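Working notes, structure below.
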Amino acid sequence: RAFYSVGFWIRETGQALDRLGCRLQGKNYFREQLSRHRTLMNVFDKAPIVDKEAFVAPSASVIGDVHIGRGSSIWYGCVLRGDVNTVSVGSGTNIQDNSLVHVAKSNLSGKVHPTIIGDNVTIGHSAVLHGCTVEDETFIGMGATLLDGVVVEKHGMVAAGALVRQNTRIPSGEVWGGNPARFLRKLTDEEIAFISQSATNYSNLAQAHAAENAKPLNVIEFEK
Amino acid sequence: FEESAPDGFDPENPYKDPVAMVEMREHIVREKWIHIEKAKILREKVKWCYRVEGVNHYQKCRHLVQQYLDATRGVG
Amino acid sequence: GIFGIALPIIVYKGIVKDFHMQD
Amino acid sequence: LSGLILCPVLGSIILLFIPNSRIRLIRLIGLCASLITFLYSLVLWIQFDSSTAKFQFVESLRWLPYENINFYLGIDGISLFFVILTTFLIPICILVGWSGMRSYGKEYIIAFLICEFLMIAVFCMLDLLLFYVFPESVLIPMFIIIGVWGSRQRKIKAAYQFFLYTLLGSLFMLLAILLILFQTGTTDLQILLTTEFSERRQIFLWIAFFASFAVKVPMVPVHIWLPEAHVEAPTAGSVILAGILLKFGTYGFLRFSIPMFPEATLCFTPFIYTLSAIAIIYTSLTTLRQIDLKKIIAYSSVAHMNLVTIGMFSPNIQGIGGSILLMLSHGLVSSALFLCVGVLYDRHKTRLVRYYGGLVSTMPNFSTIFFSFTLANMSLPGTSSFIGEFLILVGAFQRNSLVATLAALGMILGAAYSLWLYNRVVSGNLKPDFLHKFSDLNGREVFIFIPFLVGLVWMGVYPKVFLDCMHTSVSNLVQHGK
Amino acid sequence: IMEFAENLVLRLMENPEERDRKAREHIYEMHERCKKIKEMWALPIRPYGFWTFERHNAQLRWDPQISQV
Amino acid sequence: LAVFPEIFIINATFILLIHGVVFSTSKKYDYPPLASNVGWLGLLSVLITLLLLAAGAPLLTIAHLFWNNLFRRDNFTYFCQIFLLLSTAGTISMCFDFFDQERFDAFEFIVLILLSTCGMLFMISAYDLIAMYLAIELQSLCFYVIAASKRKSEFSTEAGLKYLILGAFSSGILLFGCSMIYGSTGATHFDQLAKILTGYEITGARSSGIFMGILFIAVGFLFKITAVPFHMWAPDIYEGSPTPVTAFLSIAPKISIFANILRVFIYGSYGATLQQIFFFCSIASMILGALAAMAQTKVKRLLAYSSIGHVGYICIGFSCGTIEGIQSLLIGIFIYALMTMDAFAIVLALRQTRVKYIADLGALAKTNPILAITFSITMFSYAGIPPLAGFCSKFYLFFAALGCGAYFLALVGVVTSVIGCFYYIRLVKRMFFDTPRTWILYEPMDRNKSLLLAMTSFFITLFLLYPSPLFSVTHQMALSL
Amino acid sequence: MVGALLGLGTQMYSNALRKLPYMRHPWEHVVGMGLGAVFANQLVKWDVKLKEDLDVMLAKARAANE
Ligand SMILES: [Zn+2]
């Protein structure tokens, strides 16, 4: 955006004016290579929106148009990088770890569509959800991977290491757990109880973890 | 559309006066169009002759139309 | 034939010249 | 003109400070700058007085003090509507490019390299040295337009020996321009008009201009650069090429050949007669040999342009009027046909010509408009091109009608193959392998078609507003040729 | 008409002096035709900067017979 | 006064030389590399001089003590000296990368460039065969040294050695010319030599001593400016030596020796008798430039032959002694220098490559496309493409050749320039539209090259839109001679 | 004057050549080029004055019509 560019210009002149218009007097504080991933909700003309009761981990970046609702969580290392189209994550979902939710930009080879993550979705670790209209109360497994346009319908427990294919509207309650997407078994009801209870488990575990602090004694040690 | 027939001062040898040489061009072409439009007015008057007769519609003006044509010469 | 047209073209030029000589 | 002259340069430069990946703004504002420079071209038309040998809106700025070879800018007569056609057509190229992403074809780059009104410069530039700089100068913009976004049919290139000759001919004209410049200090075109040269040298200087011109003009010995330059040219590179870059050579002859060297022109009348005649004959027969559509239209353009030459010769006011109006009608018709063949490429994405079939099903409105312009490229009497070509013909006014008899073949074969190719393109339910992708024309597409059809019909039914605004200037040129 | 077409045309008027423009252009170029023919003609202008030092310092040294008498 | 541009750049070089030597040999500072610190102060000793030189424009001619003895400054020497310092400013600026990135602790390369610039400042204002020779050899000796500088790679050593041989032999020829002229005239001062050589007419009047003298001076010069029949090593000289020293001895000696030629050959001896050798040299130089450029691969050697050819295109302005001709020659030096500083700034931007030809120059349309745009602009400028500045140079040169009646010289110039235009258009096409060819990637250029490339690229493209200042400058310089 | 626009370009063109984006405070130092353009035009005037002086000196020279 034009005025956003102008704002980038006034800020640089301002940061520069401090950096060497006053750190000139014996201060190398600016030169410290401190990290910048702590911009958890990285922004554009479109911004990431997150409600109160939604733990976001500080090891995790949330870039692009995001709409984290209520109860949803983005645990340590995840990247909801969704610049192109909004990452309309619903309520009470549970990313749980180093997962990824992309509408990441390509040369419109398949017309990347928004990733409307549903409700109470307890996505597992390393899942690489990519242009995924995954519906509500769904499980995705550890180390998993998905592909464009997928629609993981209600209670579709994708298994670990899985690689769902493009545009595959997985049926409601069908377990697909393979590199070539393949239905395996109608899910049992104990798995339904597990997936609907692990939702609130992490919902509470994410309202926990209570980062919201600072550890100055360690800061004083790392200072020396 | 307001010009003057005199071309200032141009002798026969036109290299001397580029101002007057351009002006002779720009108004002797005006005279060229004078007589071209005179031929055109006489042609509309030839049509007028034809309109008037309507029964001869070649004669009673045809030699006067030759006079008209004498605005052009050297037909060969 | 192409050189034929090339020379007959200047021959038509010469025809214009003969018309110029007609008067 | 003083302020309203530099619209495209100001627009281009002040947009250069807007890289703006989100294309919408650069497209919108470049198009608006183009449209307003065209609006100022047209109000400059309205500003015209068809009664003076002087040039309408003269302006200058010192360029080198001694002998003052300065930017002398006149728009009388012909240049008036040459710059008008230039502007008329530049938004056409800006508008044929509302492509959605237009990413590798970086939109602002093509905007900045079509929105260079050096064509406006050359058509208004009235001191043949700087005037020389511009047609040769527009080659740098033309080369980038021709291949950077141009379709790649070969390793992009031009015949190297022919290109070396083409540029050598251009620089040969430069030696002639200098010989006249130092011949009597004559800086500009008014005084190069006034002055008088040695008949022995007028012929040399005439042919020396003619080298570069008859390269820019597509005469028979050197015209091959049009087909090879077009089949590789982009959709909007051909619209400019046919539109203006061919008018360059004929306008060059018009200004800096006929009223410059009257005796040399008198002496070389049969030369250009035969040259353009045999060129029309060749480019009429050739589309037999050529199956490539772009080559077909380019060769029809060669035919029309050598008709422009076979008419510019004359001290006939009707003669040079037909010349310049065939130029206008050609910048309309061949560019409309290049628009056509570009739409026909893109909607089919194929660069064979045998593959354009079943058009009345896919794009029948394109069939209608393609006829509405191929009747023109053969010059249906009634179209603008007819008024142009027939005043070209009657250009045998004080003459004895022996070159009209070669224009006979030149135009009869032209109309014949025009109809043959319009058939060959729209003929039959020849089912192609396009997977039921019909590609109906766009509202913006028929828009960019609108102005060419409008100019064409408005001329073809009423050429007054263009023959007027011209007669005074051409008649002055003629009397200087008397 | 439309309320201003009358004065809508007075955006140019004759002002015919642009021909005196070329009249005096021609004076320019008539002089300029003497651009390349001119060259060095002066051997009396200050490039004769030798004697002004010779007469100036001839008496001090490098002298045949003045120091004698 | 009147030597304040020289008094300064001599004191500044000493202040830099002592400052550099004391520190580089200092244990306290850990023997730091004083390059880019005696530089920076070097190029400022240039700008402060260029400020001392440009300001005192009426003051340069403030004494007579210098006039009939040592050197005569005037408007021509003043303007051409503001240019040498400006072209030395560009050349030091483009080297800043070559000092840091390339491992050079040898600062005295800077102080040698500064001493060479003083030698050239004394060449421009040289107004006596003795002063002309002494300043010529001061600058040539600094350049032999800084061209044989790189001692690790043997390729630069033998290149510098043949440069020393060629330059010492050229200076021997020039000096034998000075001897014959002095011995046959008893006067070395150009103010004195002018009075003798009025109405000399060698081809009509029997004067063999002065003739052989002027011939040997012209041959020595045409060796120094590396014209065609006497280039004889110049391609290998530019190729073998490092890139920035090539940029130095390729643009600044041209400017200086050409100003010196304008002094001795338009004032010291004025006749159509000597410019015949320069006419032949122009013909064969444009020929050799065109053809060898068509033949070469290595971008350094391609620029070598391009510079030889453009030096040819210069001498056609001297091949006729009319004011228009001299002004065309001066226009040609400014548009050849700024364009060569640009081409060498580009070649210095591509430090990553080894000695590599245009094929490895490729991919620049992809990697760093704005640098490829600039390179195409510069190469077009050499070719003489109309909308650029090199076209204005070659065009005014050809127009002066036509106004001087040398129609055949203009003809050979136009055919050679069209050959060059074809070759460089083909080069730009091969670089842009095809030939990926191994994709060597480059470290970015620094601000110093960036502004010089940017300002010069702006100068080349936006030149015809305002040629009045340069044309006025060069016509005033031609009138002053 | 036009020197302001040219400088912003020279600085931006410089940034485009080092690969850096088109951003910083040197675009406000292009006002120095605006000063430079005014000086260059001022030098054009001064220069054509001096050249007219040298030209009338030449007209006085060259035999002065004799
Ligand atoms: Zn877990």
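To be explicit about the labels: the chains of the structure tokens are called A, B, and onward in the order shown, and within each one the residues are counted from 1, while ligands get numbers from 1 in the order they are shown.
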Give as a short mmCIF file (atom, residue, chain, number, x, y, z; two decimals) with C-alpha atoms, in the first residue's frame every residue of chain A that touches chain D within 10 Å, counting only C-alpha atoms.
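After the write, iface27.cif holds the following:
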```cif
data_model
loop_
_atom_site.label_atom_id
_atom_site.label_comp_id
_atom_site.auth_asym_id
_atom_site.auth_seq_id
_atom_site.Cartn_x
_atom_site.Cartn_y
_atom_site.Cartn_z
CA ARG A 1 0.00 0.00 0.00
CA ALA A 2 1.27 3.45 -0.97
CA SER A 5 5.32 2.43 1.95
CA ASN A 107 2.11 -18.58 -9.86
CA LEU A 108 -1.66 -19.18 -9.56
#
```
(request) Find the residues near region 23-38 of chain E: any atom within 7 Å, counting only C-alpha atoms, skip ones fewer than 4 places away on the same chain, and give them as an NGL selection string. (result) (:B and (19)) or (:D and (66-67 or 184-186)) or (:E and (19)) or (:F and (322-324 or 403)) or (:G and (62))
(request) When you get a sec, could you note down which chain G residues fall within 10 Å of chain D, using only C-alpha atoms, as a ChimeraX atom specification? (result) /G:5-6,8-9,12,22,48,51-52
(request) From the DSSP assignment of the backbone, select every residue of chain A that is alpha helix (DSSP H), and format the answer as a ChimeraX atom specification. (result) /A:2-21,189-207,216-223
Output the selection as a compact mmCIF listing (two decimals), in the first residue's frame - N, CA and C atoms for each residue.
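Printed below is again-v3.txt as written:
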```txt
# COMPACT_ATOMS: atom_id res chain seq x y z
N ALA A 2 0.44 2.27 -0.75
CA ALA A 2 1.27 3.45 -0.97
C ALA A 2 1.62 4.14 0.34
N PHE A 3 0.60 4.50 1.13
CA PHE A 3 0.89 5.17 2.39
C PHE A 3 1.57 4.24 3.38
N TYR A 4 1.38 2.93 3.25
CA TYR A 4 2.18 1.99 4.05
C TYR A 4 3.65 2.08 3.67
N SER A 5 3.94 2.23 2.38
CA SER A 5 5.32 2.43 1.95
C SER A 5 5.87 3.73 2.52
N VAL A 6 5.08 4.80 2.50
CA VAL A 6 5.55 6.07 3.05
C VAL A 6 5.81 5.93 4.55
N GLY A 7 4.97 5.16 5.23
CA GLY A 7 5.21 4.91 6.64
C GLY A 7 6.49 4.14 6.88
N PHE A 8 6.77 3.15 6.04
CA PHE A 8 8.05 2.47 6.10
C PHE A 8 9.20 3.45 5.91
N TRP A 9 8.96 4.50 5.14
CA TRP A 9 10.08 5.41 4.89
C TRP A 9 10.25 6.30 6.10
N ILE A 10 9.16 6.78 6.70
CA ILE A 10 9.38 7.73 7.83
C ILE A 10 9.97 6.98 9.01
N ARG A 11 9.55 5.74 9.22
CA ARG A 11 10.09 4.90 10.30
C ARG A 11 11.57 4.62 10.06
N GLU A 12 11.96 4.34 8.83
CA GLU A 12 13.40 4.04 8.68
C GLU A 12 14.16 5.29 9.03
N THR A 13 13.70 6.45 8.57
CA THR A 13 14.52 7.64 8.83
C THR A 13 14.58 7.79 10.34
N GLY A 14 13.45 7.57 11.02
CA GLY A 14 13.40 7.68 12.49
C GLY A 14 14.29 6.64 13.12
N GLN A 15 14.22 5.39 12.70
CA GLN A 15 15.08 4.41 13.40
C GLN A 15 16.52 4.85 13.17
N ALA A 16 16.82 5.28 11.96
CA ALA A 16 18.21 5.64 11.63
C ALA A 16 18.57 6.82 12.47
N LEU A 17 17.64 7.74 12.64
CA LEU A 17 18.07 8.94 13.39
C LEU A 17 18.49 8.49 14.78
N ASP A 18 17.74 7.60 15.42
CA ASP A 18 18.21 7.09 16.73
C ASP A 18 19.48 6.27 16.57
N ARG A 19 19.51 5.39 15.59
CA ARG A 19 20.63 4.43 15.52
C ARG A 19 21.91 5.24 15.49
N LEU A 20 22.00 6.25 14.65
CA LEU A 20 23.32 6.91 14.58
C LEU A 20 23.16 8.41 14.62
N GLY A 21 22.13 8.81 15.32
CA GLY A 21 22.01 10.25 15.58
C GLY A 21 22.05 10.39 17.08
N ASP A 189 -16.23 -45.01 17.56
CA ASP A 189 -16.78 -43.95 18.39
C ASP A 189 -15.86 -43.59 19.55
N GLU A 190 -15.02 -44.52 20.00
CA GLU A 190 -14.03 -44.18 21.02
C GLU A 190 -13.02 -43.18 20.47
N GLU A 191 -12.64 -43.31 19.20
CA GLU A 191 -11.82 -42.29 18.57
C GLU A 191 -12.55 -40.96 18.49
N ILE A 192 -13.87 -40.99 18.30
CA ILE A 192 -14.66 -39.76 18.28
C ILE A 192 -14.60 -39.08 19.64
N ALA A 193 -14.77 -39.86 20.71
CA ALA A 193 -14.65 -39.31 22.05
C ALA A 193 -13.26 -38.74 22.29
N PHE A 194 -12.22 -39.46 21.85
CA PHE A 194 -10.86 -38.97 22.03
C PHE A 194 -10.64 -37.65 21.31
N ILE A 195 -11.11 -37.55 20.06
CA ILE A 195 -10.83 -36.34 19.29
C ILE A 195 -11.68 -35.17 19.79
N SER A 196 -12.87 -35.45 20.33
CA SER A 196 -13.68 -34.37 20.86
C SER A 196 -13.30 -33.98 22.28
N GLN A 197 -12.53 -34.82 22.98
CA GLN A 197 -12.04 -34.46 24.30
C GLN A 197 -10.63 -33.89 24.30
N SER A 198 -9.77 -34.34 23.39
CA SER A 198 -8.45 -33.73 23.26
C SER A 198 -8.57 -32.28 22.83
N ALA A 199 -9.66 -31.93 22.14
CA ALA A 199 -9.93 -30.53 21.83
C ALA A 199 -9.92 -29.68 23.09
N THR A 200 -10.81 -29.99 24.04
CA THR A 200 -10.86 -29.21 25.27
C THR A 200 -9.63 -29.45 26.13
N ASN A 201 -9.00 -30.62 26.03
CA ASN A 201 -7.74 -30.87 26.79
C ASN A 201 -6.77 -29.73 26.49
N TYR A 202 -6.36 -29.61 25.23
CA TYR A 202 -5.40 -28.55 24.82
C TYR A 202 -6.03 -27.17 25.02
N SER A 203 -7.32 -27.01 24.70
CA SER A 203 -7.99 -25.72 24.98
C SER A 203 -7.61 -25.27 26.40
N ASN A 204 -7.62 -26.19 27.37
CA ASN A 204 -7.20 -25.86 28.72
C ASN A 204 -5.68 -25.79 28.82
N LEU A 205 -4.98 -26.70 28.15
CA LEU A 205 -3.52 -26.69 28.17
C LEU A 205 -2.94 -25.44 27.51
N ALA A 206 -3.69 -24.82 26.60
CA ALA A 206 -3.28 -23.60 25.93
C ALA A 206 -3.65 -22.36 26.73
N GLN A 207 -4.83 -22.35 27.36
CA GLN A 207 -5.10 -21.33 28.36
C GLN A 207 -4.10 -21.40 29.50
N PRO A 216 13.92 -11.74 34.51
CA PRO A 216 15.05 -10.80 34.53
C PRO A 216 16.35 -11.39 35.05
N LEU A 217 16.30 -12.34 35.99
CA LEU A 217 17.53 -12.93 36.51
C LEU A 217 18.32 -13.59 35.40
N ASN A 218 17.63 -14.31 34.51
CA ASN A 218 18.28 -14.85 33.33
C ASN A 218 18.74 -13.75 32.39
N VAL A 219 17.96 -12.67 32.27
CA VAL A 219 18.39 -11.54 31.46
C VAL A 219 19.66 -10.93 32.04
N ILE A 220 19.73 -10.84 33.36
CA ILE A 220 20.93 -10.28 33.99
C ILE A 220 22.12 -11.21 33.80
N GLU A 221 21.89 -12.53 33.79
CA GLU A 221 22.99 -13.46 33.56
C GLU A 221 23.48 -13.37 32.12
N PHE A 222 22.57 -13.50 31.15
CA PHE A 222 22.94 -13.38 29.75
C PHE A 222 23.49 -12.00 29.41
N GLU A 223 23.24 -11.00 30.27
CA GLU A 223 23.90 -9.72 30.11
C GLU A 223 25.38 -9.81 30.43
```
(request) Please identify the residues whose atoms come within 9 Å of ligand 1, using only C-alpha atoms and all ligand atoms, and report them as number ranges by chain. (result) A: 95-97, 122-125, 142, 202
Would you mind exporting the chosen residues as a compact mmCIF listing (two decimals), in the first residue's frame, restricted to N, CA, C and O atoms?
```
# COMPACT_ATOMS: atom_id res chain seq x y z
N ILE A 95 -3.62 -26.53 16.94
CA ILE A 95 -2.53 -26.84 15.97
C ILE A 95 -1.52 -27.74 16.68
O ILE A 95 -0.91 -28.58 15.99
N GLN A 96 -1.22 -27.48 17.95
CA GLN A 96 -0.44 -28.43 18.79
C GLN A 96 1.08 -28.45 18.61
O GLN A 96 1.69 -29.02 19.52
N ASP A 97 1.67 -27.80 17.59
CA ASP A 97 3.15 -27.93 17.40
C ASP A 97 3.66 -27.31 16.10
O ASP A 97 2.94 -26.48 15.53
N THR A 122 -7.95 -30.61 16.10
CA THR A 122 -6.71 -30.87 16.82
C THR A 122 -5.61 -31.35 15.86
O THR A 122 -5.12 -32.48 15.94
N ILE A 123 -5.24 -30.45 14.95
CA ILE A 123 -4.13 -30.72 14.04
C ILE A 123 -2.90 -31.13 14.83
O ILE A 123 -2.61 -30.57 15.89
N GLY A 124 -2.17 -32.11 14.31
CA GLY A 124 -0.98 -32.62 15.01
C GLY A 124 0.30 -31.95 14.56
O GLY A 124 0.22 -30.96 13.82
N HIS A 125 1.45 -32.49 14.99
CA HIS A 125 2.75 -31.84 14.70
C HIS A 125 3.21 -31.98 13.27
O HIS A 125 2.86 -32.99 12.64
N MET A 142 0.47 -36.61 13.37
CA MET A 142 1.84 -36.13 13.54
C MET A 142 2.62 -36.30 12.24
O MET A 142 2.42 -37.26 11.50
N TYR A 202 -6.36 -29.61 25.23
CA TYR A 202 -5.40 -28.55 24.82
C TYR A 202 -6.03 -27.17 25.02
O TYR A 202 -5.32 -26.27 25.47
```
(request) Output the contact residues of chain F with respect to chain E at a cut-off of 10 Å, based on only C-alpha atoms, as number ranges by chain. (result) F: 64-65, 67-69, 72, 189-192, 194-195, 198, 266-267, 270, 320-326, 400, 403-404, 478-481
(message) I'd like the neighbourhood of region 19-22 of chain C as a VMD selection string, where a residue qualifies if any of its atoms comes within 12 Å (using only C-alpha atoms), though same-chain residues fewer than 4 positions away should be ignored.
(response) (chain B and resid 76) or (chain C and resid 12 to 15) or (chain D and resid 398 to 402)
Atoms to include: C-alpha atoms. Write the selected residues as an mmCIF file, in the first residue's frame.
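Result file result_16.cif:
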```
data_model
loop_
_atom_site.group_PDB
_atom_site.id
_atom_site.type_symbol
_atom_site.label_atom_id
_atom_site.label_comp_id
_atom_site.auth_asym_id
_atom_site.auth_seq_id
_atom_site.Cartn_x
_atom_site.Cartn_y
_atom_site.Cartn_z
ATOM 1 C CA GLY B 76 -3.116 16.956 -74.385
ATOM 2 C CA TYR C 12 7.332 2.024 -68.529
ATOM 3 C CA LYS C 13 9.370 4.898 -67.126
ATOM 4 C CA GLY C 14 10.695 5.375 -70.652
ATOM 5 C CA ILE C 15 7.106 5.261 -71.888
ATOM 6 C CA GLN D 398 -1.441 15.520 -64.623
ATOM 7 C CA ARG D 399 0.115 12.137 -65.422
ATOM 8 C CA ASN D 400 -0.495 9.624 -68.217
ATOM 9 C CA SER D 401 -1.674 6.674 -66.098
ATOM 10 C CA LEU D 402 1.031 4.062 -66.625
#
```
(message) Show me, as a count of residues only, every residue of chain D with an atom at most 10 Å from chain C, counting only C-alpha atoms.
(response) 15
(message) What are the residues of chain B lining chain D at 6 Å or less? Count only C-alpha atoms, and put the answer as an MDAnalysis selection string.
(response) chainID B and resid 18 25:26
